[PDB]
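A.B. asks: Compact mmCIF, C-alpha atoms, saved as work.txt, coming up:
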# COMPACT_ATOMS: atom_id res chain seq x y z
CA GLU M 1 93.93 70.87 104.31
CA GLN M 2 93.30 73.89 102.09
CA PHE M 3 95.11 77.18 101.50
CA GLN M 4 94.75 80.52 99.77
CA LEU M 5 97.47 82.01 97.57
CA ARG M 6 98.79 85.50 98.31
CA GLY M 7 100.80 87.93 96.22
CA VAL M 8 104.58 87.86 96.26
CA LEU M 9 106.68 90.83 97.38
CA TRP M 10 109.67 92.78 96.11
CA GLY M 11 112.41 93.89 98.47
CA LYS M 12 115.80 93.48 100.07
CA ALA M 13 117.41 93.36 103.51
CA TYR M 14 120.76 94.91 104.45
CA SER M 15 123.01 94.60 107.48
CA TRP M 16 125.88 96.76 108.67
CA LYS M 17 128.44 96.33 111.43
CA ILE M 18 129.11 99.57 113.32
CA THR M 19 132.19 99.85 115.55
CA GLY M 20 133.06 102.66 117.97
CA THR M 21 129.51 103.11 119.25
CA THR M 22 126.76 101.49 121.36
CA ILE M 23 123.19 100.40 120.79
CA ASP M 24 121.95 103.30 122.99
CA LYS M 25 123.91 105.92 121.04
CA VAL M 26 122.72 104.64 117.68
CA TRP M 27 119.13 104.43 119.02
CA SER M 28 119.19 108.00 120.32
CA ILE M 29 119.35 109.04 116.66
CA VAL M 30 117.69 106.19 114.73
CA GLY M 31 114.95 105.52 117.31
CA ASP M 32 113.56 109.07 117.25
CA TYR M 33 111.23 108.11 114.44
CA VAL M 34 109.29 111.37 114.10
CA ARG M 35 112.53 113.41 114.09
CA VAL M 36 114.19 111.64 111.18
CA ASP M 37 115.40 115.13 110.17
CA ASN M 38 117.92 114.77 113.04
CA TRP M 39 119.23 111.57 111.40
CA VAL M 40 119.20 111.62 107.56
CA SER M 41 119.78 115.38 107.67
CA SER M 42 121.41 115.49 104.23
CA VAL M 43 118.09 114.43 102.65
CA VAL M 44 115.47 115.49 105.19
CA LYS M 45 114.90 119.16 105.99
CA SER M 46 112.25 118.85 108.73
CA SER M 47 109.90 116.31 110.32
CA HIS M 48 107.15 116.14 112.90
CA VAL M 49 104.33 113.95 114.09
CA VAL M 50 100.97 114.71 112.42
CA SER M 51 98.84 111.88 113.82
CA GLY M 52 99.02 110.13 117.19
CA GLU M 53 101.69 110.61 119.88
CA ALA M 54 105.36 111.03 118.91
CA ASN M 55 107.14 107.69 118.38
CA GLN M 56 104.26 105.56 119.56
CA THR M 57 102.88 102.75 117.46
CA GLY M 58 100.32 103.98 114.98
CA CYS M 59 101.63 107.54 114.87
CA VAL M 60 102.26 109.24 111.52
CA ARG M 61 105.28 111.42 110.68
CA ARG M 62 105.35 114.00 107.89
CA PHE M 63 108.84 114.88 106.74
CA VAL M 64 110.06 117.26 104.09
CA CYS M 65 112.96 116.45 101.75
CA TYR M 66 115.32 118.92 100.10
CA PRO M 67 114.88 119.28 96.31
CA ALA M 68 116.28 116.35 94.33
CA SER M 69 117.96 118.79 91.96
CA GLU M 70 118.04 122.53 91.34
CA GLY M 71 114.71 123.99 90.22
CA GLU M 72 112.65 121.13 91.64
CA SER M 73 110.41 121.46 94.68
CA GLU M 74 110.73 119.93 98.12
CA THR M 75 108.83 116.63 98.38
CA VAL M 76 106.90 115.12 101.30
CA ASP M 77 106.73 111.72 102.98
CA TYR M 78 103.93 110.58 105.29
CA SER M 79 104.78 107.33 107.02
CA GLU M 80 103.05 105.42 109.80
CA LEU M 81 104.87 103.65 112.63
CA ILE M 82 103.20 100.21 112.42
CA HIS M 83 105.32 98.49 115.06
CA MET M 84 107.56 99.90 117.80
CA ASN M 85 109.56 98.06 120.43
CA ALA M 86 112.01 100.55 121.93
CA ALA M 87 113.18 98.14 124.63
CA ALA M 88 114.23 95.77 121.83
CA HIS M 89 115.54 98.63 119.62
CA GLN M 90 113.40 97.70 116.63
CA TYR M 91 110.55 99.18 114.66
CA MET M 92 108.60 98.97 111.46
CA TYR M 93 106.97 101.56 109.24
CA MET M 94 105.14 102.18 105.98
CA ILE M 95 104.73 105.13 103.65
CA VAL M 96 101.07 106.12 103.73
CA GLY M 97 101.19 109.26 101.60
CA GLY M 98 103.23 112.10 100.11
CA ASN M 99 105.19 112.66 96.92
CA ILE M 100 108.69 111.95 98.26
CA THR M 101 110.92 111.35 95.22
CA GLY M 102 111.12 107.66 94.25
CA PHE M 103 109.83 106.26 97.54
CA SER M 104 106.30 107.50 96.80
CA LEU M 105 106.33 105.50 93.55
CA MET M 106 106.35 102.14 95.36
CA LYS M 107 103.15 100.34 96.32
CA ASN M 108 102.91 99.69 100.08
CA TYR M 109 106.54 100.41 100.89
CA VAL M 110 107.21 98.84 104.27
CA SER M 111 110.54 99.08 106.12
CA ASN M 112 112.07 97.35 109.16
CA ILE M 113 114.86 98.63 111.40
CA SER M 114 116.48 96.37 114.01
CA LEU M 115 119.55 97.05 116.21
CA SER M 116 121.55 94.34 117.98
CA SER M 117 124.65 94.41 120.18
CA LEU M 118 127.61 92.19 119.27
CA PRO M 119 129.14 90.29 122.24
CA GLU M 120 131.39 92.30 124.58
CA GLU M 121 134.15 89.73 124.20
CA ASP M 122 134.15 90.15 120.40
CA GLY M 123 134.92 93.87 120.62
CA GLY M 124 131.29 94.97 120.84
CA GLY M 125 129.65 97.09 118.17
CA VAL M 126 126.15 97.25 116.71
CA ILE M 127 124.47 95.26 113.97
CA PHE M 128 122.12 97.61 112.13
CA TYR M 129 119.48 95.64 110.14
CA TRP M 130 117.39 97.54 107.58
CA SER M 131 115.02 95.93 105.07
CA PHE M 132 112.14 96.94 102.83
CA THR M 133 109.36 95.35 100.82
CA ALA M 134 107.01 96.74 98.21
CA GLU M 135 104.22 95.17 96.19
CA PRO M 136 104.84 94.49 92.48
CA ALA M 137 103.36 97.17 90.24
CA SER M 138 103.65 97.96 86.53
CA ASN M 139 105.37 101.33 86.81
CA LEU M 140 108.36 99.82 88.59
CA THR M 141 110.59 96.75 88.80
CA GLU M 142 112.23 95.19 91.81
CA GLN M 143 115.58 96.37 90.48
CA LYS M 144 114.23 99.93 90.23
CA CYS M 145 113.02 99.76 93.85
CA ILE M 146 116.44 98.65 94.99
CA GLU M 147 118.01 101.56 93.09
CA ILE M 148 115.63 103.89 94.97
CA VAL M 149 116.11 102.42 98.42
CA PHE M 150 119.71 101.24 98.76
CA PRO M 151 121.38 104.60 97.99
CA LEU M 152 119.17 106.25 100.61
CA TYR M 153 120.02 103.62 103.26
CA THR M 154 123.70 104.16 102.40
CA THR M 155 123.36 107.96 102.78
CA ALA M 156 121.52 107.45 106.06
CA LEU M 157 124.33 105.28 107.42
CA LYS M 158 126.77 108.06 106.49
CA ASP M 159 124.55 110.71 108.09
CA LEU M 160 124.37 108.53 111.20
CA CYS M 161 128.17 108.66 111.60
CA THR M 162 128.14 112.43 111.23
CA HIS M 163 125.58 112.75 114.01
CA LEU M 164 127.51 110.24 116.14
CA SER M 165 130.76 112.10 115.43
CA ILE M 166 132.49 108.86 114.39
CA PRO M 167 134.42 108.17 111.16
CA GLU M 168 132.57 106.59 108.21
CA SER M 169 135.08 103.75 108.51
CA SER M 170 133.12 102.74 111.62
CA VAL M 171 130.47 101.35 109.26
CA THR M 172 130.86 98.12 107.26
CA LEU M 173 128.12 96.72 105.01
CA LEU M 174 128.00 92.97 105.69
CA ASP M 175 128.46 90.60 102.70
CA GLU X 1 98.88 116.66 101.60
CA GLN X 2 96.94 113.58 102.71
CA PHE X 3 97.64 110.11 104.04
CA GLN X 4 95.90 106.80 104.66
CA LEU X 5 95.93 105.34 108.18
CA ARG X 6 96.31 101.60 108.54
CA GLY X 7 96.37 99.06 111.35
CA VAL X 8 99.42 98.33 113.46
CA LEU X 9 101.20 94.98 113.68
CA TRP X 10 102.38 92.55 116.30
CA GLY X 11 105.76 90.85 116.06
CA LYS X 12 109.42 90.61 117.01
CA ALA X 13 112.83 90.24 115.42
CA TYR X 14 115.67 88.11 116.78
CA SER X 15 119.36 87.84 115.82
CA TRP X 16 121.87 85.13 116.70
CA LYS X 17 125.60 84.83 116.11
CA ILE X 18 126.71 81.40 114.94
CA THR X 19 130.37 80.43 115.04
CA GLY X 20 132.17 77.39 113.68
CA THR X 21 130.43 77.33 110.30
CA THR X 22 129.92 79.30 107.05
CA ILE X 23 126.99 81.20 105.57
CA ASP X 24 126.72 78.66 102.72
CA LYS X 25 126.66 75.64 105.03
CA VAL X 26 123.92 77.30 107.08
CA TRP X 27 122.00 78.20 103.89
CA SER X 28 122.06 74.62 102.61
CA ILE X 29 119.79 73.77 105.55
CA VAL X 30 117.89 76.98 106.24
CA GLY X 31 117.55 78.01 102.59
CA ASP X 32 115.96 74.75 101.44
CA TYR X 33 112.51 76.16 102.13
CA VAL X 34 110.35 73.25 100.95
CA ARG X 35 112.48 70.72 102.82
CA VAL X 36 112.14 72.22 106.30
CA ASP X 37 111.94 68.61 107.58
CA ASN X 38 115.72 68.48 106.95
CA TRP X 39 116.08 71.49 109.29
CA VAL X 40 113.68 71.72 112.26
CA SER X 41 113.60 67.94 112.69
CA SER X 42 112.59 68.15 116.36
CA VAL X 43 109.23 69.47 115.18
CA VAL X 44 108.69 68.70 111.51
CA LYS X 45 108.15 65.11 110.37
CA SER X 46 107.85 65.67 106.62
CA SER X 47 107.57 68.47 104.08
CA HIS X 48 107.09 69.04 100.37
CA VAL X 49 106.14 71.56 97.71
CA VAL X 50 102.44 71.52 96.82
CA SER X 51 102.26 74.59 94.61
CA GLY X 52 104.69 76.16 92.14
CA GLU X 53 108.36 75.29 91.71
CA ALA X 54 110.40 74.23 94.75
CA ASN X 55 111.93 77.24 96.54
CA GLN X 56 110.90 79.70 93.84
CA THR X 57 108.97 82.74 95.02
CA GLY X 58 105.24 82.05 95.04
CA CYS X 59 105.65 78.36 95.88
CA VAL X 60 103.78 76.74 98.77
CA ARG X 61 105.12 74.06 101.06
CA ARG X 62 103.00 71.70 103.13
CA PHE X 63 104.62 70.21 106.17
CA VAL X 64 103.55 67.86 108.93
CA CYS X 65 104.43 68.44 112.59
CA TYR X 66 104.74 65.77 115.25
CA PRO X 67 102.16 65.91 118.04
CA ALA X 68 102.94 69.01 120.11
CA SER X 69 102.40 67.14 123.32
CA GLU X 70 101.53 63.60 124.32
CA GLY X 71 98.03 62.51 123.25
CA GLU X 72 97.55 65.27 120.64
CA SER X 73 97.60 64.60 116.89
CA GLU X 74 99.93 65.67 114.08
CA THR X 75 99.23 69.09 112.61
CA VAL X 76 99.83 70.65 109.20
CA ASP X 77 101.33 73.92 107.97
CA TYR X 78 100.83 75.43 104.52
CA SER X 79 103.18 78.34 104.02
CA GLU X 80 103.90 80.38 100.92
CA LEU X 81 107.27 81.71 99.91
CA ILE X 82 106.60 85.39 99.14
CA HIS X 83 110.17 86.61 98.59
CA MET X 84 113.41 84.80 97.84
CA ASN X 85 116.93 86.02 97.16
CA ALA X 86 119.13 82.95 97.43
CA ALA X 87 122.41 84.66 96.48
CA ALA X 88 121.72 87.20 99.25
CA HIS X 89 120.68 84.45 101.70
CA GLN X 90 117.31 85.93 102.60
CA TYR X 91 113.66 85.04 102.20
CA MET X 92 110.14 85.75 103.39
CA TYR X 93 107.18 83.46 103.97
CA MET X 94 103.61 83.45 105.23
CA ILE X 95 101.30 80.77 106.60
CA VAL X 96 98.40 80.34 104.16
CA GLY X 97 96.63 77.31 105.69
CA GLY X 98 96.72 74.35 108.08
CA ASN X 99 96.09 73.68 111.77
CA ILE X 100 99.75 73.77 112.88
CA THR X 101 99.78 74.12 116.64
CA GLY X 102 99.91 77.71 117.83
CA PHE X 103 101.14 79.14 114.54
CA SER X 104 97.77 78.65 112.83
CA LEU X 105 96.11 80.75 115.57
CA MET X 106 97.79 83.93 114.30
CA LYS X 107 96.27 86.09 111.60
CA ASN X 108 98.59 86.65 108.60
CA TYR X 109 101.75 85.26 110.20
CA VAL X 110 104.65 86.54 108.09
CA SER X 111 108.26 85.56 108.75
CA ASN X 112 111.63 86.80 107.55
CA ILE X 113 114.95 84.99 107.50
CA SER X 114 118.22 86.76 106.67
CA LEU X 115 121.79 85.43 106.87
CA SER X 116 124.89 87.66 106.92
CA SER X 117 128.61 87.03 107.35
CA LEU X 118 130.71 88.77 109.98
CA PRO X 119 134.01 90.08 108.54
CA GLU X 120 136.70 87.45 107.97
CA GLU X 121 139.15 89.98 109.41
CA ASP X 122 137.31 89.95 112.76
CA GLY X 123 136.71 86.22 113.22
CA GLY X 124 134.00 85.40 110.70
CA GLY X 125 130.73 83.81 111.78
CA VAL X 126 127.13 84.10 110.66
CA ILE X 127 124.42 86.49 111.83
CA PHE X 128 121.03 84.76 111.68
CA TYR X 129 118.13 87.26 111.64
CA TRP X 130 114.65 85.84 112.14
CA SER X 131 111.51 87.95 112.55
CA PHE X 132 107.76 87.59 112.44
CA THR X 133 104.70 89.78 112.35
CA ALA X 134 101.03 88.97 112.85
CA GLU X 135 97.90 91.08 112.57
CA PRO X 136 96.35 91.88 115.97
CA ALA X 137 93.18 89.88 116.53
CA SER X 138 90.60 89.71 119.28
CA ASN X 139 91.21 86.01 119.98
CA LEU X 140 94.93 86.47 120.67
CA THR X 141 97.53 88.70 122.33
CA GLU X 142 100.99 89.75 121.17
CA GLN X 143 102.51 88.10 124.25
CA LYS X 144 100.83 84.83 123.24
CA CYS X 145 102.30 85.23 119.75
CA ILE X 146 105.80 85.59 121.23
CA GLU X 147 105.22 82.53 123.43
CA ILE X 148 104.31 80.56 120.30
CA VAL X 149 107.08 81.74 118.04
CA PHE X 150 110.25 82.19 120.10
CA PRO X 151 110.51 78.66 121.50
CA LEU X 152 110.08 77.35 117.96
CA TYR X 153 112.88 79.61 116.67
CA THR X 154 115.00 78.54 119.64
CA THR X 155 114.45 74.87 118.89
CA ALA X 156 115.13 75.50 115.21
CA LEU X 157 118.56 76.99 116.00
CA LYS X 158 119.41 73.94 118.12
CA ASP X 159 118.34 71.57 115.30
CA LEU X 160 120.42 73.62 112.86
CA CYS X 161 123.50 72.84 114.95
CA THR X 162 122.68 69.13 114.98
CA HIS X 163 122.43 69.04 111.19
CA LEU X 164 125.60 71.13 110.79
CA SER X 165 127.37 68.83 113.26
CA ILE X 166 128.59 71.77 115.33
CA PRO X 167 128.23 72.17 119.14
CA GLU X 168 125.06 73.95 120.28
CA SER X 169 127.48 76.33 122.03
CA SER X 170 128.01 77.70 118.51
CA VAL X 171 124.84 79.78 118.80
CA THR X 172 124.41 82.98 120.78
CA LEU X 173 121.28 85.13 120.92
CA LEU X 174 122.27 88.78 120.46
CA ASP X 175 121.14 91.37 122.97
CA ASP X 176 118.62 93.76 121.39
Show the structure stored in the file as structure tokens.
C.D. replies:
Amino acid sequence: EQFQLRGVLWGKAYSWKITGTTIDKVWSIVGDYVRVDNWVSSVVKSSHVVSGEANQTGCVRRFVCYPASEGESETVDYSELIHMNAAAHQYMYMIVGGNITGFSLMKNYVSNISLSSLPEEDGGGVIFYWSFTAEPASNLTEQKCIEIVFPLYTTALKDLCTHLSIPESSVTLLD
Amino acid sequence: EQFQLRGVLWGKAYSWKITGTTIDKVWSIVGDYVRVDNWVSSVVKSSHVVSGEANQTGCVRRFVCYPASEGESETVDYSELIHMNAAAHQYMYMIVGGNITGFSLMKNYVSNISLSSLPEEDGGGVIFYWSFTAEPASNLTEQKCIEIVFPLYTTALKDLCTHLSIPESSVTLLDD
């Protein structure tokens, strides 16, 4: 009959409907965690595992991003896979280092990806769930985090279509 | 060029499609965080806010569960709301105290609830996303965690239908 208060979190969750594809096809790109360069290829130049075994829980990926603008340097993201369930097409990760533009500003950025199949009889398709949280800190606001994260998710959904060779119209942001 | 290794997590995410209702009817039940007794009524006897403002982030609810099986006693759950975006139909909470059966065994049980609408153009309907994580601990297993959580979520979706006055056939667990 007692309890201990914890800190509150910032963040937001997004869901897209994707037609003209299957959970396996989406996963073949999105599920290769340590080769994110083969997914968000418009932002990410290269990626490889630097700790643990590729795509296994606890592993760390290091990926390199193209310069944010001309003159600026490439930036780096280290992120740990903190939960992986490939059979259930879902995983969870956190940035544990690097100077990746914007994302490296957040405190304990944690992200969740979940894929689901819509019923066969409803025309199939995939529900792509993608959320993040970050801890409140004085150099940011929740609104500023959203302005960092959401545009990237949007780009990644576009880059997904490119790699799937399906039109961008295949993707609809729910709500 | 350095990073900081951390521990891994246990958990699982589930999604259901719910027909025959609207996202705002579902939210009126599911979104009323401190009155979970009006939702999972097969399990929860009573509930109220005990810290902060009702359903505002940071608040804590205390709720009483019926005996889990015959002979046992009522148990109690203290859970804190740690994120809330009502207009976006999504929130996050964590158990911060109590002896609630099964759930209080987990270390740092964190849960996420997210509602979305399917396109009007393609039938409508609500996608109900519900996930949890817990921190691995010597006294438990992830499989045990899933045995604790999933039947509760399952029961909760059935109770939701009761309170919405829609057939339980309205709910379908999505393949993952």
A.B. asks: Determine the axis-aligned bounding box of all atoms of range 39-42 of chain M present in the file, pad each side by 4 Å, and express its centre and edge lengths in Å to one decimal place as JSON.
C.D. replies:
{"center_x": 120.3, "center_y": 113.5, "center_z": 107.8, "size_x": 10.2, "size_y": 11.9, "size_z": 15.2}
A.B. asks: Any chance you could tabulate, as JSON lines, the residues of chain X at most 6 Å from chain M with each one's nearest atom pair and distance in Å to one decimal, using all atoms listed in the file, in chain and rising number order?
C.D. replies:
{"residue": "X:3", "atom": "CA", "partner": "M:97", "partner_atom": "CA", "distance": 4.4}
{"residue": "X:4", "atom": "CA", "partner": "M:96", "partner_atom": "CA", "distance": 5.3}
{"residue": "X:8", "atom": "CA", "partner": "M:82", "partner_atom": "CA", "distance": 4.3}
{"residue": "X:9", "atom": "CA", "partner": "M:83", "partner_atom": "CA", "distance": 5.6}
{"residue": "X:58", "atom": "CA", "partner": "M:8", "partner_atom": "CA", "distance": 6.0}
{"residue": "X:82", "atom": "CA", "partner": "M:8", "partner_atom": "CA", "distance": 4.3}
{"residue": "X:83", "atom": "CA", "partner": "M:9", "partner_atom": "CA", "distance": 5.6}
{"residue": "X:96", "atom": "CA", "partner": "M:3", "partner_atom": "CA", "distance": 5.3}
{"residue": "X:97", "atom": "CA", "partner": "M:3", "partner_atom": "CA", "distance": 4.5}
{"residue": "X:98", "atom": "CA", "partner": "M:1", "partner_atom": "CA", "distance": 5.8}
{"residue": "X:117", "atom": "CA", "partner": "M:175", "partner_atom": "CA", "distance": 5.9}
{"residue": "X:175", "atom": "CA", "partner": "M:117", "partner_atom": "CA", "distance": 5.4}
{"residue": "X:176", "atom": "CA", "partner": "M:116", "partner_atom": "CA", "distance": 4.5}
A.B. asks: Which residues come within 12 Å of residue 21 in chain X, counting all atoms listed in the file, excluding same-chain residues fewer than 4 positions away, as a PyMOL selection string?
C.D. replies: chain X and resi 17+25-28+117-118+123-127+160-161+163-168+170-171
A.B. asks: As an exercise, work out the distance from CA of residue 81 in chain X to CA of residue 55 in chain X in Å and give it to one decimal place.
C.D. replies: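 If I compute the distance from CA of residue 81 in chain X to CA of residue 55 in chain X, I get 7.3 Å.
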A.B. asks: Kindly give the distance, in Å, that separates CA of residue 131 in chain X and CA of residue 11 in chain X, rounded to a single decimal.
C.D. replies: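 Rounded to one decimal, the two atoms are 7.3 Å apart.
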A.B. asks: Find the residues near residue 103 in chain X: any atom within 12 Å, counting all atoms listed in the file, skip ones fewer than 3 places away on the same chain, and give them as number ranges by chain.
C.D. replies: X: 65, 68, 75-79, 94-100, 106-111, 132-134, 140, 144-153
A.B. asks: Since we have the selection now, will you write its residues out, keeping C-alpha atoms, as a PDB file, keeping the file's coordinate frame?
C.D. replies:
ATOM      1  CA  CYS X  65     104.430  68.440 112.590  1.00  0.00           C
ATOM      2  CA  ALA X  68     102.940  69.010 120.110  1.00  0.00           C
ATOM      3  CA  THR X  75      99.230  69.090 112.610  1.00  0.00           C
ATOM      4  CA  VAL X  76      99.830  70.650 109.200  1.00  0.00           C
ATOM      5  CA  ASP X  77     101.330  73.920 107.970  1.00  0.00           C
ATOM      6  CA  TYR X  78     100.830  75.430 104.520  1.00  0.00           C
ATOM      7  CA  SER X  79     103.180  78.340 104.020  1.00  0.00           C
ATOM      8  CA  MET X  94     103.610  83.450 105.230  1.00  0.00           C
ATOM      9  CA  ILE X  95     101.300  80.770 106.600  1.00  0.00           C
ATOM     10  CA  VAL X  96      98.400  80.340 104.160  1.00  0.00           C
ATOM     11  CA  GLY X  97      96.630  77.310 105.690  1.00  0.00           C
ATOM     12  CA  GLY X  98      96.720  74.350 108.080  1.00  0.00           C
ATOM     13  CA  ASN X  99      96.090  73.680 111.770  1.00  0.00           C
ATOM     14  CA  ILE X 100      99.750  73.770 112.880  1.00  0.00           C
ATOM     15  CA  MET X 106      97.790  83.930 114.300  1.00  0.00           C
ATOM     16  CA  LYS X 107      96.270  86.090 111.600  1.00  0.00           C
ATOM     17  CA  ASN X 108      98.590  86.650 108.600  1.00  0.00           C
ATOM     18  CA  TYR X 109     101.750  85.260 110.200  1.00  0.00           C
ATOM     19  CA  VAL X 110     104.650  86.540 108.090  1.00  0.00           C
ATOM     20  CA  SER X 111     108.260  85.560 108.750  1.00  0.00           C
ATOM     21  CA  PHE X 132     107.760  87.590 112.440  1.00  0.00           C
ATOM     22  CA  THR X 133     104.700  89.780 112.350  1.00  0.00           C
ATOM     23  CA  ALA X 134     101.030  88.970 112.850  1.00  0.00           C
ATOM     24  CA  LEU X 140      94.930  86.470 120.670  1.00  0.00           C
ATOM     25  CA  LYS X 144     100.830  84.830 123.240  1.00  0.00           C
ATOM     26  CA  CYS X 145     102.300  85.230 119.750  1.00  0.00           C
ATOM     27  CA  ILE X 146     105.800  85.590 121.230  1.00  0.00           C
ATOM     28  CA  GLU X 147     105.220  82.530 123.430  1.00  0.00           C
ATOM     29  CA  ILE X 148     104.310  80.560 120.300  1.00  0.00           C
ATOM     30  CA  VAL X 149     107.080  81.740 118.040  1.00  0.00           C
ATOM     31  CA  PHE X 150     110.250  82.190 120.100  1.00  0.00           C
ATOM     32  CA  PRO X 151     110.510  78.660 121.500  1.00  0.00           C
ATOM     33  CA  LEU X 152     110.080  77.350 117.960  1.00  0.00           C
ATOM     34  CA  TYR X 153     112.880  79.610 116.670  1.00  0.00           C
TER      35      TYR X 153
END
A.B. asks: For residue 60 in chain X, list every protein, DNA or RNA residue within 6 Å, evaluated using only C-alpha atoms, and leave out those in the same chain fewer than 5 positions away; present the list as an mmCIF file with C-alpha atoms, keeping the file's coordinate frame.
C.D. replies:
data_model
loop_
_atom_site.group_PDB
_atom_site.id
_atom_site.type_symbol
_atom_site.label_atom_id
_atom_site.label_comp_id
_atom_site.auth_asym_id
_atom_site.auth_seq_id
_atom_site.Cartn_x
_atom_site.Cartn_y
_atom_site.Cartn_z
ATOM 1 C CA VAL X 49 106.140 71.560 97.710
ATOM 2 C CA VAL X 50 102.440 71.520 96.820
ATOM 3 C CA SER X 51 102.260 74.590 94.610
ATOM 4 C CA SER X 79 103.180 78.340 104.020
ATOM 5 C CA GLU X 80 103.900 80.380 100.920
#
A.B. asks: Name the closest residue to residue 66 in chain X among the candidates X:101, X:169, X:38, X:162; distances are taken between atoms, counting all atoms listed in the file.
C.D. replies: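 For residue 66 in chain X, the nearest of the given residues is X:101.
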A.B. asks: Skip residue 169 in chain M itself and residues of its chain fewer than 5 positions away, then list as a list in words all residues within 12 Å of it, counting all atoms listed in the file.
C.D. replies: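 That gives residues 16, 17, 18, 19, 20, 157, 158, 161 and 162 of chain M.
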A.B. asks: Which distance in Å separates CA of residue 62 in chain X and CA of residue 45 in chain X, to one decimal?
C.D. replies: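 Distance reported for this atom pair: 11.1 Å.
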